[PDB]
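Below is one structure; the comments refer to it alone.
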Amino acid sequence: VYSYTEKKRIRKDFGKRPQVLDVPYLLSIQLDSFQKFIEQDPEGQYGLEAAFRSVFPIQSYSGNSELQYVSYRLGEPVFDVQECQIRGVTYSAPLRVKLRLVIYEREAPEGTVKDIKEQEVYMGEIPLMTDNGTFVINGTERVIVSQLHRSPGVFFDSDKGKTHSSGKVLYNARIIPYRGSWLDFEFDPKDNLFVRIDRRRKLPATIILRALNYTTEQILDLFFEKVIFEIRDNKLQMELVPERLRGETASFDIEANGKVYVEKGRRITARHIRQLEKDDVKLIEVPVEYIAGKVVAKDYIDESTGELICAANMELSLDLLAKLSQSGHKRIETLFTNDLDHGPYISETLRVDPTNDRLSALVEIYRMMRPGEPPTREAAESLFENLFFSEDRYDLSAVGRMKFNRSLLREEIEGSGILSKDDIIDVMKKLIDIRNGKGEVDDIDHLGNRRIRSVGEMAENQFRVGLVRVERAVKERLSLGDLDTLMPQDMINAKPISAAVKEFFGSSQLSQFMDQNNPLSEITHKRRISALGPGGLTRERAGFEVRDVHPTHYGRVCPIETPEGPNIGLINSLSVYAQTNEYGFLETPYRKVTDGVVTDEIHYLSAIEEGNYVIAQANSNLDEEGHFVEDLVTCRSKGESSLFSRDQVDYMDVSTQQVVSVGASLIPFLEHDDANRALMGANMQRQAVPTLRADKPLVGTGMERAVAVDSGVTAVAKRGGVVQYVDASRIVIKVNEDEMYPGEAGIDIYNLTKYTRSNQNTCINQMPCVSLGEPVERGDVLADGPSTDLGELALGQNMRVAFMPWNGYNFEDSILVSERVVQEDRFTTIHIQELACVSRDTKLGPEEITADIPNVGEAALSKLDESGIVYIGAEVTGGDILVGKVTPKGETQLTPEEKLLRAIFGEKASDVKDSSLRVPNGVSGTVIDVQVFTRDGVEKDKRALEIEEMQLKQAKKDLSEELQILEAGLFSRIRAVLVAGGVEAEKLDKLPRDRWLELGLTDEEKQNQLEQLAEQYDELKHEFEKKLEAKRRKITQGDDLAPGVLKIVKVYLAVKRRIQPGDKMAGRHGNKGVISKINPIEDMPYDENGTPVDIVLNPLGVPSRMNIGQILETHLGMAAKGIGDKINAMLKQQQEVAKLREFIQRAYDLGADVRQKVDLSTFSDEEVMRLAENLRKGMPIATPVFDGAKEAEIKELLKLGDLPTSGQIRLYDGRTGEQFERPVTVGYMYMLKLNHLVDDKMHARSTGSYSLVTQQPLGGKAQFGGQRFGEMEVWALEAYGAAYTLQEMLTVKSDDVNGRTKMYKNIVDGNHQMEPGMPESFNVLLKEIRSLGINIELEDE
Amino acid sequence: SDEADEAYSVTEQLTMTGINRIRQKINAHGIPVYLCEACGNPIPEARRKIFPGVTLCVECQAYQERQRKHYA
Amino acid sequence: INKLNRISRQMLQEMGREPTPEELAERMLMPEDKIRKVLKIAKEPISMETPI
Ligand SMILES: [Zn+2]
């Protein structure tokens, strides 16, 4: 059940699993986040409404001067997108707010209002989001990478080991809020427990308990369990709770009933506790020595005196037992301490507690928060209440409360805003229990502690900071507040908020240039998480902790796609099915499980909600109904993974792909690659430059179509219909009768984007693929972009590789590319460089853009027209002129004998200095397009007038073609008027269309309908008169250029770089390479049938770097081209549709269980010929990533062709014509072309420009300056005895500004001497030391 | 050499040293002990027969392992 | 300079989008070119050790 578009070539699809969650729209992060940002949102939640409800209303100094909020608006831009890339504006959208300045009357708190002046005030231009989540800030398409930062809540950290040298670990616990004072708990190595408010001094941690209305009795009964001792007529009985005695010294005879069930000295093993439980002991009679070290909880005083016998939390010695014996107590309370489990911590910290009771504790808090402030009753009350208990001065965000209740094993995920007695006490219990053995510590990386921002929330915060810095000014201008003379816009300033928001979108560690050199690059750049930036941890502070992968990445961030090198792991790329949760933490799909069934309901899980479940594994064969095939299946429960019984799973992975990203899920046979290698593979697939004829992955992974379509490059049909008029520019879809709106149907039209620059200087082209008179279904591609083909992402080209050494040309990783790959121009990649030539305004005068140039005859000026700009199309080369420009330079200041010379030949020395924009030395191109911006203070020249006329012709053509469709829709609606009630069918197609307004009709509601539709027609008329007026006026106006520039002339060269020894190349699995000798055809190897193997890689790179996936891909490719050549023979020897059907059907079934059966008996006889003609280059093959095609499937798919099952053909060398012993592997591997081109990298500099502060080399153009002869190189030269080369390496070649010119004079005059002198850098050092008062001089002898 | 080759060497180093630590722990050589090195209880047959020459009863082992779980 | 800044804040919301020298040359009654030169001159110099 396929469409008519999908049948262009139906990708053979292995992969055994059924997909149950189709791939989400890959750009959900950017789009949905910026959608939450900018929208009138009738609820106080996120969006701009959040910021405005936060900072407004502004009340003055209580003076009945208020400025409140009403509602805002997003006026449409003045320049739309492509206009805004041409000209250079920020694709903004002017903001508007309805602020409402109210002024209450004095002698009135809320008495009668005296003025409510309601006026709408401008502020800022928020740069809107394109349809592809890519803003346009200054002409270039920029992208704001999602950030990943610590969620405000609670954290229990270790800081294990190194401190204190005893090895003993500390267990600190931090309560970070959204906004307010922190709170920390920590152990000392002496094991007492201490607190600290915001990172200030430590404190005896019981002081905060006491400050919260806790005296020692209830402290000890919160942080401890009770053991009562009894004095029942003889010597110190004890309560026996049976499980109190696991792992403890038996320092006494544990008898019972006068029977000995446990004996002294031993240890109470589980046997003993078992037997005491079975033998029912409850009150054991132990000696006094065992109470001698116990601790007494409650307070005891002589009941006859009221004098304090034992304070709370004192150790009972024998004397105190005696003393309270004579007071009439048979109950005694003792803390159940223990070295293992119920440790003494709060008790011994009370030992450390200097203070005694509540008021003293509040005093100490007041003296630790701020010194010098004398303590006080109410000062202490206010300070302590306002640390953690002030709704104004402290608020966990609701995210804060949610983490704080999920990390305590609480109940409600949402609740209060400030802390409480119970929140603090639960923190402390959790802390002590962490240290007691039960419980564990949340390591940093755990994605339950990495809330994900994105464009929306970050821009919201920047607008927030803007609002605070402006409400300062608002309250200030309200200080002087005249009641009714300042409207609600002189209080504000617009440029503040615009400054903040532009600073974010244009200067950030996030808002960065789109890696727009390959559709996979954009859609793997917009899906991106970053841990750097403002508010995240940067490298120095942190640090190795967050580089790591952590088992909560399984389906939430890709593990095998992260930028290797300087910052690994800080650029985690988001998974395939991942999402941002409601609160923010990354979440992912999982299929629900009933009693024992695998439901098809996908259910989302965040990070903190997972471990309490037990998730199955997607690689589980299930039994045609939703029951597993076994009773025990692999699963993963809490980090660990293991076998579980069938009746225990709760969640199955949505699909085998979800562990990866869109980066590494395109690598076919990813499953057989060492993870570093898939890392480098994805990170070299993000850089493939779009070739000239982008072919297709001959072996793909299923996700490639979704990446091509969901990225913006393909030209996706908005509505299904017939194709009326294709063309290299535009595609005209005639919408069908059912997908067609009721009024003014019309037809959809797509203006493609022909040749044009992207940021990385490549060609972002679009070519139609659906030809004239041809159906298209909704949601289908019309026009392939760069590196797409038929809507299947084709980054590089497939080609014939043969693994074999072949004379050292591929030594380390080098590659040997036969000239059949470069003759065809199949890696010939097109690069569209932009050269600008401004025309500035110096003190001497304005630069000219004349065609009149000195010291260059007609020679270099043959390509220039009458005005100094080159023609569109002249094939400039290295060193020619594109824009003739001359600057007036007075004071020629003639010299000696040069003056004699001018006398000798009378040649008038000109007043003008040539500065024309000449092509960079080396490129060789075609000037595809010249644009001339002009300050509107200059008379536009002749060529700019040509350009204005031409663009205006174009825009007139376009907008008139638009008006035609529109009026056709309105005539349609007119017929829809007549069709009901008195339509005259054939009396309306004969006569002219324009004379339908005067068509007869009875004066019912339908005559008034005709009148109304005539009104609509004339409105459209005047509308497009005035709209073409506005188009002509946008074109005709001057530009608004930088300060002091007359006119800029942009010239778009279009180089075509082919391929040449040095151009890096690479497969997908991470086999790099540097194509190293572009061999003839004859020389290459050739299999017994004749075909020369185009590339020749190296065998020594498959075992050493375990990326055997490239050998399996090579074999699947060889089988694929086997099928291809079989269809080619069946089609060239032209057979029929019948043989083709039987053979393609044999290819598409092919054995093992698959989810792809197509049944070509429904393809019409003429579709299968088209299907063949698209397969005649070779049958594509899918292979979902961790669910690929196992080897034996490949072997049978080879045997379906006629290749040898071994995969290894016997090759004959091309030069000697004699068989390679030991057959080689040959196949069709898909190889990219990385854009580390050679001619971008090559560089050489003999005498260029120079610096200005130190006479060193400095060039610009391609760092047109010498290589850095750094320090380690100087160590090298000193290691050799060579010292002359060093002396000239930093005296003659580099700095000594007489040494270098004398060296050049000597070199030209054929005397290789050198006259060093002394470096100008050291002379600067003498001056910089001497400006300080340090007289450094050089002795002279 | 490449940047993944060096990472392979480091991964070999890391897992080899970890595994060889944990094989250094387990004894596999008899020194028949017959009752604890701390508590004195008899070590049962099954435990002394799995791990030959193990000085400590089961409970003493769990207890020392738990005091060491907080890393000394 | 301070006149241009006051009138530029005021024009930035009076006209809505942002001002042009042709228009400051008629709000301010200056000769339409002193505005250009003033706007070229009135800016600070970049700290030459700025980090790129
Ligand atoms: Zn023991």
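Based on Cα positions only, what radius of gyration and what Dmax would you give for region A:1046-1127, in angstroms?
19.0, 68
If eta is 1.567 mPa s and T is 4 °C, what Stokes-Einstein diffusion coefficient results for chain B, Kirkwood Rh from Cα pairs, in µm²/s?
88
What's the extension gain from A:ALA1282 to A:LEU692 if we count 0.36 nm per residue and subtract their Cα-Cα distance?
This chain segment gains 207.4 nm when fully extended.
Holding the Cα-Cα limit at 22 Å, pick out from A:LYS696/A:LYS1064; A:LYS1056/A:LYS1261; A:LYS1139/A:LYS1177; A:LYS1121/A:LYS1190; A:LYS259/A:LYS330; A:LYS863/A:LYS942 the pairs that are longer than that.
From the list (A:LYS696/A:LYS1064; A:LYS1056/A:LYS1261; A:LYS1139/A:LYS1177; A:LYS1121/A:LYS1190; A:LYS259/A:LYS330; A:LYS863/A:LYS942), the Cα-Cα distance tops 22 Å for A:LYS259/A:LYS330.
Over region A:790-833, what lengths in whole Å, largest first, do the semi-axes of the equivalent ellipsoid take, defined as the square roots of 5 times the eigenvalues of the alpha-carbon gyration tensor?
25, 14, 11
When the scattering of region A:1-140 is computed by the Debye formula from its Cα atoms alone, each counted once and equally, what is log10 I(q)/I(0) at q = 0.10, 0.11, 0.20 Å⁻¹?
For the requested q values the scattering log ratios are -0.60, -0.67, -1.18.
Can you compute the helix-only [θ] at 222 nm over chain A? Use -39500 (n - 2.57) per DSSP H run of at least 4 residues, normalise by all residues, nearest 500 deg cm²/dmol.
Rounded to the nearest 500, it is -8500 deg cm²/dmol.
Rank-order A:1310-1322, A:1099-1111 by packing density, defined as the average count of other C-beta atoms within 10 Å over each peptide's residues, highest first.
Result, highest mean first: A:1099-1111, A:1310-1322.
Just rank A:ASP1153, A:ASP299, fewest to most, by other beta-carbon atoms within 10 angstrom.
Sorted ascending by nearby Cβ count, the order is A:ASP1153, A:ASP299.
Please compute the alpha carbon radius of gyration of chain A, then divide it by the globular-protein estimate 2.2 N^0.38 Å. Two decimals is fine.
1.19
If we restrict to alpha carbons, what Rg and Dmax does region A:311-448 come to, in Å?
Calculated on Cα positions, Rg and Dmax stand at 20.0, 61 Å.
What's the local net charge at A:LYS330, with K and R +1, D and E -1, over the other residues with C-beta under 11 Å away?
Summing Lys/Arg as +1 and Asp/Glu as -1 gives 0.
For region A:1201-1341, what is the convex hull volume of its Cα atoms per residue in Å³?
292
On a full-extension model of 0.36 nm per residue, what is the gain between A:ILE965 and A:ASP484, subtracting their alpha-carbon distance, rounded to one decimal in nm?
167.8 nm
Relative contact order of chain B, please, whole-number percent, based on alpha carbon pairs below 8 angstrom and at least 6 residues apart.
This gives 25 percent for chain B.
Within region A:691-790, list the GluC sites (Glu not before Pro) lying in a DSSP loop whose Cβ has at most 12 other Cβ atoms in a 10 Å radius.
Loop-located and lightly packed - A:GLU737.
Regarding region A:794-904, what's the average projected area of the Cα-atom convex hull, expressed in nm²?
15.4
Which of the peptides A:1045-1051, A:1216-1222, A:938-944 is most tightly packed, and how do the rest follow, judged by the mean count of other Cβ atoms within 10 Å per residue?
By packing density, highest mean first, the sequence is A:1045-1051, A:938-944, A:1216-1222.
For region A:518-644, state the semi-axes of the equivalent ellipsoid (square roots of 5 times the eigenvalues of the alpha-carbon gyration tensor), sorted largest first and rounded to whole angstrom.
Working from the Cα gyration tensor, I get semi-axes of 32, 16, 14 Å.
Exposure proxy check: A:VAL629, B:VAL58, A:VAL713, A:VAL169 ranked by fewest other beta carbons within 10 Å?
Listed from fewest to most nearby Cβ atoms, that is A:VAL629, B:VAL58, A:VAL169, A:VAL713.
With a cut-off of 8 Å between alpha carbons and a minimum separation of six or more residues, what is the relative contact order of chain A in percent?
Result for chain A is 11 percent.
In whole angstrom, and with the biggest value first, how far do the Cα coordinates of region A:704-801 range along each principal axis?
Projected onto its principal axes, the Cα set of region A:704-801 covers 54, 27, 23 Å.
Residue-wise, which Karplus ³J(HN,Hα) couplings in Hz belong to region A:477-488, taking 6.51 cos²θ - 1.76 cosθ + 1.60, θ = phi - 60°, and x for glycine or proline?
5, 7, 3, 7, x, 5, 6, 9, 10, 10, 5, x
Let me see the pair-distance distribution of region A:266-368: every alpha carbon pair, 10 Å bin width, integer percents in order.
11, 32, 30, 18, 7, 1
If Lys and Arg each add +1 and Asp and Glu each add -1, what is the summed charge of the other residues whose beta carbon sits under 9 Å from the beta carbon of A:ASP647?
-1
Which whole number gives the average count of other chain Cβ atoms within 10 Å of the Cβ atoms across peptide B:55-64?
The per-residue average across the peptide is 3.
Compare the peptides A:125-134, A:598-607 by average per-residue count of other Cβ atoms within 10 angstrom and give them in order, highest first.
In descending order of packing, they fall as A:125-134, A:598-607.
Give the average, rounded to an integer, of partner chain Cβ atoms located within 10 angstrom of each Cβ in A:1140-1150.
0
Using the count of nearby Cβ atoms within 10 Å as a rough guide to exposure, how do A:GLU412, A:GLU105 rank from fewest to most?
In order of increasing Cβ crowding within 10 Å: A:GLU412, A:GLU105.
Return the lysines within reach of A:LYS940: Cα separation strictly under 20 angstrom, same-chain partners fewer than 8 residues apart disregarded; answer none if there are no such residues.
Of all the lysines, those that pass the test against A:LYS940 - Cα under 20 Å, at least 8 places apart if same chain - are A:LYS885, A:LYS953, A:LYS1031, A:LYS1034, A:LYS1047, A:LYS1050.
How many Cβ atoms of partner chains, on average, are near each residue of A:90-99 if near means within 10 Å of its Cβ?
Averaged over the peptide's residues, the number is 1.
For every other residue with a beta carbon closer than 12 angstrom to the beta carbon of A:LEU1326, add +1 if it is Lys or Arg and -1 if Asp or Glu, then tell me the sum.
Here the count lands on -1.
Which value results when the Cα radius of gyration for region A:79-126 is divided by 2.2 N^0.38 Å?
Ratio of Rg to 2.2 N^0.38 Å for region A:79-126: 2.02.
Throughout, read-outs are computed from the coordinates displayed, never taken from laboratory work. Here Cβ is always computed from backbone atoms with ideal geometry, including for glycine, and neighbour counts include all displayed protein chains.
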